[PDB]
file query-v3.tsv (TSV, N, CA and C atoms and all ligand atoms)
chain	number	residue	atom	x	y	z
A	1316	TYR	N	19.11	-10.17	11.20
A	1316	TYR	CA	18.98	-11.21	10.13
A	1316	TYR	C	17.70	-12.01	10.38
A	1317	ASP	N	16.69	-11.38	10.96
A	1317	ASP	CA	15.38	-12.00	11.27
A	1317	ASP	C	14.54	-11.98	9.99
A	1318	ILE	N	14.32	-13.16	9.39
A	1318	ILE	CA	13.62	-13.33	8.09
A	1318	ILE	C	12.15	-13.03	8.30
A	1319	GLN	N	11.63	-13.07	9.55
A	1319	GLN	CA	10.18	-12.84	9.76
A	1319	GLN	C	9.88	-11.42	10.18
A	1320	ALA	N	10.88	-10.58	10.48
A	1320	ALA	CA	10.65	-9.27	11.14
A	1320	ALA	C	9.80	-8.34	10.24
A	1321	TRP	N	9.85	-8.50	8.92
A	1321	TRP	CA	9.11	-7.61	7.99
A	1321	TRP	C	7.64	-7.55	8.39
A	1322	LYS	N	7.07	-8.63	8.94
A	1322	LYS	CA	5.61	-8.67	9.03
A	1322	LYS	C	5.11	-7.66	10.07
A	1323	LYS	N	5.66	-7.68	11.28
A	1323	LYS	CA	5.28	-6.69	12.29
A	1323	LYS	C	5.70	-5.31	11.81
A	1324	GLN	N	6.84	-5.16	11.12
A	1324	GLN	CA	7.25	-3.83	10.60
A	1324	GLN	C	6.17	-3.29	9.65
A	1325	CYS	N	5.62	-4.15	8.81
A	1325	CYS	CA	4.55	-3.77	7.87
A	1325	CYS	C	3.26	-3.48	8.63
A	1326	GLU	N	2.94	-4.25	9.68
A	1326	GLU	CA	1.76	-3.94	10.50
A	1326	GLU	C	1.88	-2.54	11.10
A	1327	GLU	N	3.04	-2.20	11.64
A	1327	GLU	CA	3.24	-0.90	12.29
A	1327	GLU	C	3.16	0.17	11.22
A	1328	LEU	N	3.68	-0.08	10.02
A	1328	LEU	CA	3.63	0.99	9.00
A	1328	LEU	C	2.20	1.18	8.49
A	1329	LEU	N	1.44	0.11	8.39
A	1329	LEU	CA	0.01	0.24	8.02
A	1329	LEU	C	-0.70	1.04	9.10
A	1330	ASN	N	-0.42	0.77	10.37
A	1330	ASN	CA	-1.02	1.55	11.48
A	1330	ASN	C	-0.72	3.03	11.26
A	1331	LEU	N	0.52	3.36	10.94
A	1331	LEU	CA	0.88	4.79	10.71
A	1331	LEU	C	0.05	5.31	9.54
A	1332	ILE	N	-0.09	4.52	8.48
A	1332	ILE	CA	-0.79	4.99	7.27
A	1332	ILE	C	-2.25	5.24	7.63
A	1333	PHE	N	-2.86	4.37	8.43
A	1333	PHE	CA	-4.28	4.54	8.83
A	1333	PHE	C	-4.44	5.80	9.70
A	1334	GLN	N	-3.42	6.21	10.47
A	1334	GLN	CA	-3.52	7.47	11.28
A	1334	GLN	C	-3.38	8.72	10.42
A	1335	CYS	N	-2.72	8.60	9.25
A	1335	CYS	CA	-2.49	9.72	8.29
A	1335	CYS	C	-3.83	10.14	7.68
A	1336	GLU	N	-4.16	11.43	7.73
A	1336	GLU	CA	-5.39	11.92	7.07
A	1336	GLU	C	-5.36	11.66	5.55
A	1337	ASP	N	-4.17	11.68	4.95
A	1337	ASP	CA	-4.02	11.44	3.50
A	1337	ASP	C	-4.44	10.02	3.11
A	1338	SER	N	-4.59	9.07	4.03
A	1338	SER	CA	-4.98	7.71	3.63
A	1338	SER	C	-6.50	7.53	3.51
A	1339	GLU	N	-7.27	8.54	3.92
A	1339	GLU	CA	-8.75	8.47	4.06
A	1339	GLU	C	-9.37	7.81	2.83
A	1340	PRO	N	-9.15	8.30	1.59
A	1340	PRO	CA	-9.83	7.75	0.41
A	1340	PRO	C	-9.43	6.32	0.07
A	1341	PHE	N	-8.28	5.89	0.60
A	1341	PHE	CA	-7.58	4.63	0.24
A	1341	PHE	C	-7.71	3.58	1.35
A	1342	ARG	N	-8.57	3.79	2.34
A	1342	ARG	CA	-8.69	2.85	3.48
A	1342	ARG	C	-9.62	1.69	3.14
A	1343	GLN	N	-10.60	1.93	2.26
A	1343	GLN	CA	-11.66	0.96	1.89
A	1343	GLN	C	-11.86	1.01	0.38
A	1344	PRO	N	-12.56	0.03	-0.23
A	1344	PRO	CA	-12.84	0.04	-1.67
A	1344	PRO	C	-13.61	1.28	-2.15
A	1345	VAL	N	-13.38	1.68	-3.40
A	1345	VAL	CA	-14.15	2.74	-4.11
A	1345	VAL	C	-15.59	2.24	-4.29
A	1346	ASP	N	-16.57	2.98	-3.77
A	1346	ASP	CA	-18.01	2.74	-4.02
A	1346	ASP	C	-18.28	3.00	-5.51
A	1347	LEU	N	-18.81	2.01	-6.23
A	1347	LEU	CA	-19.01	2.07	-7.71
A	1347	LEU	C	-20.41	2.62	-8.03
A	1348	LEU	N	-21.01	3.39	-7.11
A	1348	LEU	CA	-22.24	4.19	-7.34
A	1348	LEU	C	-21.86	5.67	-7.41
A	1349	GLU	N	-20.96	6.11	-6.53
A	1349	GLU	CA	-20.40	7.49	-6.48
A	1349	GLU	C	-19.41	7.68	-7.63
A	1350	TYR	N	-18.78	6.58	-8.07
A	1350	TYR	CA	-17.75	6.54	-9.15
A	1350	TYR	C	-18.03	5.35	-10.07
A	1351	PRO	N	-19.16	5.35	-10.81
A	1351	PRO	CA	-19.59	4.16	-11.56
A	1351	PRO	C	-18.75	3.80	-12.80
A	1352	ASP	N	-17.83	4.67	-13.25
A	1352	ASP	CA	-16.92	4.29	-14.37
A	1352	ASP	C	-15.62	3.66	-13.83
A	1353	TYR	N	-15.50	3.43	-12.53
A	1353	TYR	CA	-14.18	3.09	-11.95
A	1353	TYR	C	-13.58	1.83	-12.58
A	1354	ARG	N	-14.36	0.75	-12.69
A	1354	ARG	CA	-13.88	-0.56	-13.19
A	1354	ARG	C	-13.70	-0.54	-14.72
A	1355	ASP	N	-14.18	0.51	-15.40
A	1355	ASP	CA	-13.90	0.70	-16.85
A	1355	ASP	C	-12.43	1.12	-17.03
A	1356	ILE	N	-11.86	1.77	-16.02
A	1356	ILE	CA	-10.47	2.31	-16.07
A	1356	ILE	C	-9.53	1.41	-15.26
A	1357	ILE	N	-9.97	0.95	-14.09
A	1357	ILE	CA	-9.10	0.19	-13.15
A	1357	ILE	C	-9.44	-1.30	-13.20
A	1358	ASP	N	-8.47	-2.11	-13.60
A	1358	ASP	CA	-8.62	-3.58	-13.72
A	1358	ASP	C	-8.53	-4.24	-12.35
A	1359	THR	N	-7.65	-3.75	-11.47
A	1359	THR	CA	-7.41	-4.41	-10.17
A	1359	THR	C	-7.47	-3.39	-9.05
A	1360	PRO	N	-8.66	-3.26	-8.44
A	1360	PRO	CA	-8.83	-2.42	-7.27
A	1360	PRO	C	-7.94	-2.89	-6.13
A	1361	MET	N	-7.52	-1.96	-5.28
A	1361	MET	CA	-6.77	-2.30	-4.04
A	1361	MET	C	-6.88	-1.12	-3.07
A	1362	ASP	N	-7.03	-1.41	-1.78
A	1362	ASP	CA	-7.04	-0.40	-0.71
A	1362	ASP	C	-6.23	-0.93	0.47
A	1363	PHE	N	-6.02	-0.10	1.48
A	1363	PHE	CA	-5.19	-0.46	2.64
A	1363	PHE	C	-5.85	-1.51	3.51
A	1364	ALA	N	-7.18	-1.54	3.59
A	1364	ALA	CA	-7.82	-2.58	4.42
A	1364	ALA	C	-7.60	-3.95	3.79
A	1365	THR	N	-7.66	-4.05	2.48
A	1365	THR	CA	-7.35	-5.30	1.75
A	1365	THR	C	-5.88	-5.68	1.98
A	1366	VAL	N	-4.96	-4.72	1.91
A	1366	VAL	CA	-3.52	-5.02	2.22
A	1366	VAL	C	-3.39	-5.55	3.65
A	1367	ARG	N	-3.93	-4.86	4.63
A	1367	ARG	CA	-3.83	-5.28	6.03
A	1367	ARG	C	-4.47	-6.67	6.21
A	1368	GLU	N	-5.65	-6.93	5.66
A	1368	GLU	CA	-6.28	-8.25	5.79
A	1368	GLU	C	-5.41	-9.31	5.14
A	1369	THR	N	-4.83	-9.04	3.99
A	1369	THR	CA	-3.98	-10.06	3.34
A	1369	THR	C	-2.81	-10.38	4.27
A	1370	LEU	N	-2.16	-9.35	4.81
A	1370	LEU	CA	-1.03	-9.54	5.72
A	1370	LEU	C	-1.48	-10.38	6.91
A	1371	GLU	N	-2.57	-9.98	7.56
A	1371	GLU	CA	-3.03	-10.62	8.82
A	1371	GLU	C	-3.47	-12.06	8.53
A	1372	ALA	N	-3.98	-12.36	7.35
A	1372	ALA	CA	-4.34	-13.74	6.93
A	1372	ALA	C	-3.10	-14.61	6.72
A	1373	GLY	N	-1.89	-14.03	6.72
A	1373	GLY	CA	-0.75	-14.86	6.35
A	1373	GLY	C	-0.69	-15.13	4.88
A	1374	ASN	N	-1.15	-14.22	4.02
A	1374	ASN	CA	-1.18	-14.43	2.55
A	1374	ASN	C	-0.18	-13.53	1.81
A	1375	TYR	N	0.75	-12.90	2.54
A	1375	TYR	CA	1.96	-12.35	1.91
A	1375	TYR	C	3.12	-13.24	2.31
A	1376	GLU	N	3.94	-13.64	1.36
A	1376	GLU	CA	5.17	-14.39	1.68
A	1376	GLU	C	6.31	-13.43	1.98
A	1377	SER	N	6.28	-12.21	1.46
A	1377	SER	CA	7.43	-11.28	1.52
A	1377	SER	C	6.91	-9.86	1.60
A	1378	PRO	N	7.75	-8.91	2.05
A	1378	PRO	CA	7.35	-7.51	2.03
A	1378	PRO	C	7.32	-6.96	0.60
A	1379	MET	N	7.98	-7.59	-0.34
A	1379	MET	CA	7.92	-7.18	-1.75
A	1379	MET	C	6.47	-7.34	-2.24
A	1380	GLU	N	5.83	-8.43	-1.86
A	1380	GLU	CA	4.46	-8.65	-2.34
A	1380	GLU	C	3.52	-7.58	-1.77
A	1381	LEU	N	3.68	-7.25	-0.49
A	1381	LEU	CA	2.87	-6.18	0.16
A	1381	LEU	C	3.14	-4.85	-0.55
A	1382	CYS	N	4.41	-4.57	-0.84
A	1382	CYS	CA	4.84	-3.33	-1.52
A	1382	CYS	C	4.17	-3.24	-2.91
A	1383	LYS	N	4.08	-4.34	-3.66
A	1383	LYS	CA	3.44	-4.35	-4.99
A	1383	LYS	C	1.99	-3.91	-4.83
A	1384	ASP	N	1.28	-4.49	-3.87
A	1384	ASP	CA	-0.14	-4.11	-3.68
A	1384	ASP	C	-0.28	-2.65	-3.21
A	1385	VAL	N	0.56	-2.18	-2.31
A	1385	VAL	CA	0.47	-0.75	-1.91
A	1385	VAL	C	0.77	0.13	-3.12
A	1386	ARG	N	1.74	-0.21	-3.96
A	1386	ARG	CA	2.03	0.63	-5.13
A	1386	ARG	C	0.84	0.62	-6.07
A	1387	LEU	N	0.14	-0.48	-6.17
A	1387	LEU	CA	-1.12	-0.57	-6.99
A	1387	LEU	C	-2.14	0.45	-6.51
A	1388	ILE	N	-2.31	0.63	-5.20
A	1388	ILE	CA	-3.22	1.69	-4.66
A	1388	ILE	C	-2.85	3.00	-5.35
A	1389	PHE	N	-1.58	3.33	-5.36
A	1389	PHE	CA	-1.12	4.64	-5.87
A	1389	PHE	C	-1.25	4.66	-7.38
A	1390	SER	N	-0.90	3.58	-8.08
A	1390	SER	CA	-0.97	3.66	-9.55
A	1390	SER	C	-2.44	3.79	-9.94
A	1391	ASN	N	-3.35	3.10	-9.26
A	1391	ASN	CA	-4.80	3.20	-9.56
A	1391	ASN	C	-5.22	4.65	-9.40
A	1392	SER	N	-4.82	5.32	-8.34
A	1392	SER	CA	-5.21	6.74	-8.14
A	1392	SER	C	-4.68	7.59	-9.30
A	1393	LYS	N	-3.45	7.36	-9.76
A	1393	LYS	CA	-2.86	8.13	-10.88
A	1393	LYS	C	-3.64	7.82	-12.15
A	1394	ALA	N	-4.08	6.58	-12.35
A	1394	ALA	CA	-4.79	6.22	-13.59
A	1394	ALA	C	-6.20	6.81	-13.56
A	1395	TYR	N	-6.85	6.88	-12.40
A	1395	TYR	CA	-8.28	7.27	-12.32
A	1395	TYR	C	-8.40	8.80	-12.29
A	1396	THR	N	-7.36	9.52	-11.90
A	1396	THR	CA	-7.48	10.97	-11.64
A	1396	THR	C	-7.76	11.69	-12.96
A	1397	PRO	N	-8.67	12.69	-12.97
A	1397	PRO	CA	-8.89	13.47	-14.19
A	1397	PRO	C	-7.83	14.56	-14.33
A	1398	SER	N	-7.09	14.83	-13.27
A	1398	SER	CA	-6.12	15.94	-13.23
A	1398	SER	C	-4.98	15.56	-12.30
A	1399	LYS	N	-3.79	16.00	-12.65
A	1399	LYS	CA	-2.64	15.82	-11.75
A	1399	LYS	C	-2.76	16.75	-10.52
A	1400	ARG	N	-3.74	17.68	-10.54
A	1400	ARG	CA	-4.03	18.68	-9.47
A	1400	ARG	C	-5.25	18.28	-8.62
A	1401	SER	N	-5.72	17.04	-8.69
A	1401	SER	CA	-6.94	16.62	-7.96
A	1401	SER	C	-6.62	16.39	-6.47
A	1402	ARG	N	-7.64	16.51	-5.62
A	1402	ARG	CA	-7.50	16.42	-4.14
A	1402	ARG	C	-7.03	15.02	-3.75
A	1403	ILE	N	-7.68	14.00	-4.28
A	1403	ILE	CA	-7.40	12.59	-3.88
A	1403	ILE	C	-6.04	12.18	-4.47
A	1404	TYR	N	-5.76	12.51	-5.73
A	1404	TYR	CA	-4.46	12.21	-6.36
A	1404	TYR	C	-3.33	12.87	-5.56
A	1405	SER	N	-3.46	14.14	-5.18
A	1405	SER	CA	-2.41	14.87	-4.43
A	1405	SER	C	-2.19	14.19	-3.07
A	1406	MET	N	-3.24	13.68	-2.43
A	1406	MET	CA	-3.08	12.90	-1.18
A	1406	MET	C	-2.34	11.60	-1.50
A	1407	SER	N	-2.79	10.91	-2.55
A	1407	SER	CA	-2.15	9.67	-3.07
A	1407	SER	C	-0.64	9.91	-3.15
A	1408	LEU	N	-0.22	11.04	-3.72
A	1408	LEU	CA	1.21	11.33	-3.97
A	1408	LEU	C	1.98	11.51	-2.66
A	1409	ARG	N	1.42	12.20	-1.66
A	1409	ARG	CA	2.13	12.45	-0.37
A	1409	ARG	C	2.21	11.15	0.43
A	1410	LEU	N	1.12	10.38	0.44
A	1410	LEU	CA	1.08	9.09	1.13
A	1410	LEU	C	2.10	8.13	0.52
A	1411	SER	N	2.26	8.19	-0.79
A	1411	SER	CA	3.22	7.33	-1.49
A	1411	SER	C	4.60	7.72	-0.95
A	1412	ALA	N	4.96	9.01	-0.91
A	1412	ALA	CA	6.31	9.41	-0.48
A	1412	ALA	C	6.55	8.90	0.93
A	1413	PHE	N	5.53	9.00	1.78
A	1413	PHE	CA	5.64	8.55	3.20
A	1413	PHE	C	5.90	7.03	3.24
A	1414	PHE	N	5.12	6.29	2.48
A	1414	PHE	CA	5.22	4.82	2.39
A	1414	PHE	C	6.58	4.40	1.86
A	1415	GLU	N	7.07	5.02	0.78
A	1415	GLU	CA	8.38	4.64	0.20
A	1415	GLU	C	9.51	4.97	1.19
A	1416	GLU	N	9.37	6.06	1.94
A	1416	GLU	CA	10.43	6.47	2.91
A	1416	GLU	C	10.53	5.40	4.00
A	1417	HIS	N	9.42	4.84	4.43
A	1417	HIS	CA	9.36	3.86	5.54
A	1417	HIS	C	9.56	2.42	5.05
A	1418	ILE	N	9.23	2.06	3.80
A	1418	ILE	CA	9.29	0.63	3.40
A	1418	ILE	C	10.70	0.24	2.98
A	1419	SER	N	11.52	1.22	2.59
A	1419	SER	CA	12.89	0.99	2.06
A	1419	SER	C	13.72	0.15	3.05
A	1420	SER	N	13.72	0.48	4.34
A	1420	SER	CA	14.52	-0.29	5.34
A	1420	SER	C	13.88	-1.67	5.55
A	1421	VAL	N	12.54	-1.78	5.52
A	1421	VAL	CA	11.88	-3.11	5.67
A	1421	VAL	C	12.36	-4.01	4.54
A	1422	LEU	N	12.38	-3.56	3.28
A	1422	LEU	CA	12.80	-4.37	2.15
A	1422	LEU	C	14.27	-4.72	2.29
A	1423	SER	N	15.08	-3.71	2.55
A	1423	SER	CA	16.55	-3.91	2.66
A	1423	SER	C	16.83	-4.96	3.74
A	1424	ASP	N	16.24	-4.84	4.93
A	1424	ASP	CA	16.51	-5.77	6.05
A	1424	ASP	C	16.04	-7.17	5.68
A	1425	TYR	N	14.87	-7.30	5.05
A	1425	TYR	CA	14.39	-8.62	4.60
A	1425	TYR	C	15.38	-9.25	3.64
A	1426	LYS	N	15.78	-8.52	2.60
A	1426	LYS	CA	16.55	-9.16	1.54
A	1426	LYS	C	17.91	-9.51	2.13
A	1427	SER	N	18.44	-8.69	3.01
A	1427	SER	CA	19.74	-9.00	3.69
A	1427	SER	C	19.61	-10.26	4.56
A	1428	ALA	N	18.50	-10.42	5.24
A	1428	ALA	CA	18.22	-11.60	6.10
A	1428	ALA	C	18.15	-12.82	5.24
A	1429	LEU	N	17.51	-12.76	4.07
A	1429	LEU	CA	17.40	-13.94	3.19
A	1429	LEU	C	18.76	-14.25	2.57
A	1430	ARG	N	19.56	-13.22	2.26
A	1430	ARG	CA	20.93	-13.49	1.76
A	1430	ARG	C	21.73	-14.20	2.86
A	1431	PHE	N	21.66	-13.72	4.11
A	1431	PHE	CA	22.43	-14.33	5.22
A	1431	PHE	C	21.97	-15.78	5.37
A	1432	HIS	N	20.66	-16.01	5.28
A	1432	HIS	CA	20.07	-17.36	5.46
A	1432	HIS	C	20.66	-18.31	4.41
A	1433	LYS	N	20.80	-17.85	3.17
A	1433	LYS	CA	21.31	-18.68	2.05
A	1433	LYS	C	22.83	-18.62	1.93
A	1434	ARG	N	23.56	-17.96	2.83
A	1434	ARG	CA	25.01	-17.71	2.64
A	1434	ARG	C	25.77	-19.02	2.41
A	1501	LIG	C1	-17.22	4.14	2.31
A	1501	LIG	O1	-16.37	5.26	2.27
A	1501	LIG	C2	-15.47	5.37	1.22
A	1501	LIG	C3	-14.81	4.28	0.63
A	1501	LIG	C4	-13.85	4.55	-0.37
A	1501	LIG	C5	-13.60	5.87	-0.77
A	1501	LIG	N1	-12.61	6.09	-1.77
A	1501	LIG	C6	-12.95	6.68	-3.00
A	1501	LIG	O2	-14.12	6.98	-3.26
A	1501	LIG	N2	-11.92	6.92	-4.01
A	1501	LIG	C7	-12.25	7.74	-5.24
A	1501	LIG	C8	-11.41	7.26	-6.46
A	1501	LIG	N3	-10.01	7.32	-6.04
A	1501	LIG	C9	-8.96	8.04	-6.60
A	1501	LIG	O3	-7.82	7.66	-6.42
A	1501	LIG	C10	-9.20	9.29	-7.32
A	1501	LIG	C11	-8.36	10.08	-8.06
A	1501	LIG	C12	-9.12	11.22	-8.45
A	1501	LIG	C13	-10.34	11.04	-7.94
A	1501	LIG	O4	-10.43	9.86	-7.24
A	1501	LIG	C14	-9.73	6.36	-4.95
A	1501	LIG	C15	-10.48	6.80	-3.70
A	1501	LIG	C16	-14.30	6.93	-0.20
A	1501	LIG	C17	-15.23	6.68	0.81

call {"tool": "encode", "arguments": {"input": "query-v3.tsv", "output": "structure tokens", "more": "lines below"}}
Ligand SMILES: COc1ccc(NC(=O)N2CCN(C(=O)c3ccco3)CC2)cc1
result
Amino acid sequence: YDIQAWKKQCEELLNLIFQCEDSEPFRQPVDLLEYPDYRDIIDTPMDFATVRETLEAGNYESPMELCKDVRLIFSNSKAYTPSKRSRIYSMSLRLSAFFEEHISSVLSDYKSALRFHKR
């Protein structure tokens, strides 16, 4: 029932994501010279280094907020892809499955801790 435990759990999961080869394109911002139409399609850029910095700054209140930003990484890749068969999109999809498999217990434990706190 540790209301703060999500934060280190999210740090460790980001560490796992950074070790995954599938995270390569999503570790830093899209260079808008190699992909100059990017901001015509994507309103809100997001990458894993921005997620990790936000977490480390103390600017997430909850793991739900971190989860929203990580899902934005994936939705941006789906919106920008020219094909459902693209190399970066297909990595986006496997990384998403990995992230959702690992974040489910972090969210569940947080929300249970906050329910216990307010019991
Ligand atoms: C400095 O080194 C960097 C920094 C960032 C990157 N990332 C990068 O260019 N991206 C291309 C667009 N994108 C897609 O989701 C996507 C779907 C289909 C095609 O692209 C996100 C990833 C690469 C090298």

call {"tool": "atom_distance", "arguments": {"input": "query-v3.tsv", "atom1": "CA of residue 1340 (chain A)", "atom2": "CA of residue 1386 (chain A)"}}
result
14.9 Å

call {"tool": "residues_near_ligand", "arguments": {"input": "query-v3.tsv", "ligand": "ligand LIG 1501 (chain A)", "cutoff": "6.5 Å", "atoms": "only N, CA and C atoms and all ligand atoms", "output": "ChimeraX atom specification"}}
result
/A:1339-1346,1391-1393,1395-1398,1401-1404

call {"tool": "residues_near_point", "arguments": {"input": "query-v3.tsv", "point": "(-1.0, 4.4, -5.9)", "cutoff": "8 Å", "atoms": "only N, CA and C atoms", "output": "list in words"}}
result
residues 1384, 1385, 1386, 1387, 1388, 1389, 1390, 1391, 1392, 1393, 1394, 1407, 1408 and 1411 of chain A

call {"tool": "residues_around", "arguments": {"input": "query-v3.tsv", "residues": "region 1373-1378 of chain A", "least_positions_apart": "3", "cutoff": "8 Å", "atoms": "only N, CA and C atoms", "output": "list in words"}}
result
residues 1321, 1322, 1325, 1367, 1368, 1369, 1370, 1381, 1382, 1383, 1384, 1421, 1422 and 1425 of chain A

call {"tool": "closest_residue", "arguments": {"input": "query-v3.tsv", "among": "A:1409, A:1354, A:1400, A:1323", "to": "residue 1336 (chain A)", "atoms": "only C-alpha atoms"}}
result
A:1409

call {"tool": "select_by_dssp", "arguments": {"input": "query-v3.tsv", "residues": "chain A", "states": "alpha helix (DSSP H)", "output": "ChimeraX atom specification"}}
result
/A:1321-1334,1353-1356,1363-1371,1378-1395,1402-1432

call {"tool": "decode", "arguments": {"input": "query-v3.tsv", "residues": "region 1317-1336 of chain A", "atoms": "N, CA and C atoms", "output": "PDB file, in the first residue's frame"}}
result
ATOM      1  N   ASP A1317       2.066   1.144  -0.608  1.00  0.00           N
ATOM      2  CA  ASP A1317       3.049   2.256  -0.718  1.00  0.00           C
ATOM      3  C   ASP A1317       2.619   3.154  -1.879  1.00  0.00           C
ATOM      4  N   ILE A1318       2.129   4.359  -1.571  1.00  0.00           N
ATOM      5  CA  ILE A1318       1.575   5.330  -2.551  1.00  0.00           C
ATOM      6  C   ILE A1318       2.717   5.864  -3.391  1.00  0.00           C
ATOM      7  N   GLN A1319       3.978   5.769  -2.936  1.00  0.00           N
ATOM      8  CA  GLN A1319       5.101   6.351  -3.713  1.00  0.00           C
ATOM      9  C   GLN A1319       5.812   5.319  -4.557  1.00  0.00           C
ATOM     10  N   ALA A1320       5.523   4.019  -4.411  1.00  0.00           N
ATOM     11  CA  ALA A1320       6.354   2.943  -5.005  1.00  0.00           C
ATOM     12  C   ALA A1320       6.351   3.030  -6.549  1.00  0.00           C
ATOM     13  N   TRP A1321       5.305   3.565  -7.159  1.00  0.00           N
ATOM     14  CA  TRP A1321       5.198   3.634  -8.633  1.00  0.00           C
ATOM     15  C   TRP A1321       6.448   4.287  -9.220  1.00  0.00           C
ATOM     16  N   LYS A1322       7.071   5.239  -8.511  1.00  0.00           N
ATOM     17  CA  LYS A1322       8.068   6.070  -9.191  1.00  0.00           C
ATOM     18  C   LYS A1322       9.317   5.237  -9.516  1.00  0.00           C
ATOM     19  N   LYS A1323       9.876   4.542  -8.539  1.00  0.00           N
ATOM     20  CA  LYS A1323      11.028   3.675  -8.810  1.00  0.00           C
ATOM     21  C   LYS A1323      10.591   2.557  -9.754  1.00  0.00           C
ATOM     22  N   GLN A1324       9.363   2.035  -9.646  1.00  0.00           N
ATOM     23  CA  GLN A1324       8.898   0.970 -10.582  1.00  0.00           C
ATOM     24  C   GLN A1324       8.945   1.503 -12.020  1.00  0.00           C
ATOM     25  N   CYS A1325       8.540   2.740 -12.223  1.00  0.00           N
ATOM     26  CA  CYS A1325       8.572   3.387 -13.548  1.00  0.00           C
ATOM     27  C   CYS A1325      10.010   3.646 -13.977  1.00  0.00           C
ATOM     28  N   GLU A1326      10.892   4.046 -13.065  1.00  0.00           N
ATOM     29  CA  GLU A1326      12.314   4.217 -13.414  1.00  0.00           C
ATOM     30  C   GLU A1326      12.890   2.892 -13.926  1.00  0.00           C
ATOM     31  N   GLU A1327      12.605   1.792 -13.239  1.00  0.00           N
ATOM     32  CA  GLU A1327      13.164   0.484 -13.606  1.00  0.00           C
ATOM     33  C   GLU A1327      12.555   0.087 -14.940  1.00  0.00           C
ATOM     34  N   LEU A1328      11.286   0.386 -15.180  1.00  0.00           N
ATOM     35  CA  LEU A1328      10.692  -0.043 -16.471  1.00  0.00           C
ATOM     36  C   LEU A1328      11.246   0.801 -17.618  1.00  0.00           C
ATOM     37  N   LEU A1329      11.503   2.066 -17.381  1.00  0.00           N
ATOM     38  CA  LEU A1329      12.155   2.905 -18.411  1.00  0.00           C
ATOM     39  C   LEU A1329      13.539   2.347 -18.686  1.00  0.00           C
ATOM     40  N   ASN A1330      14.281   1.959 -17.658  1.00  0.00           N
ATOM     41  CA  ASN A1330      15.617   1.344 -17.857  1.00  0.00           C
ATOM     42  C   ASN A1330      15.474   0.133 -18.774  1.00  0.00           C
ATOM     43  N   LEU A1331      14.490  -0.711 -18.525  1.00  0.00           N
ATOM     44  CA  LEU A1331      14.287  -1.906 -19.389  1.00  0.00           C
ATOM     45  C   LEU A1331      14.009  -1.429 -20.814  1.00  0.00           C
ATOM     46  N   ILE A1332      13.183  -0.406 -20.966  1.00  0.00           N
ATOM     47  CA  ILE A1332      12.776   0.048 -22.317  1.00  0.00           C
ATOM     48  C   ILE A1332      14.020   0.575 -23.034  1.00  0.00           C
ATOM     49  N   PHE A1333      14.893   1.300 -22.335  1.00  0.00           N
ATOM     50  CA  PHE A1333      16.124   1.850 -22.958  1.00  0.00           C
ATOM     51  C   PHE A1333      17.066   0.696 -23.364  1.00  0.00           C
ATOM     52  N   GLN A1334      17.058  -0.449 -22.673  1.00  0.00           N
ATOM     53  CA  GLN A1334      17.911  -1.614 -23.083  1.00  0.00           C
ATOM     54  C   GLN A1334      17.347  -2.340 -24.303  1.00  0.00           C
ATOM     55  N   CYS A1335      16.033  -2.228 -24.537  1.00  0.00           N
ATOM     56  CA  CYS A1335      15.319  -2.876 -25.674  1.00  0.00           C
ATOM     57  C   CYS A1335      15.766  -2.222 -26.981  1.00  0.00           C
ATOM     58  N   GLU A1336      16.208  -3.018 -27.958  1.00  0.00           N
ATOM     59  CA  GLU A1336      16.555  -2.469 -29.288  1.00  0.00           C
ATOM     60  C   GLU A1336      15.352  -1.772 -29.952  1.00  0.00           C
TER      61      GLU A1336
END
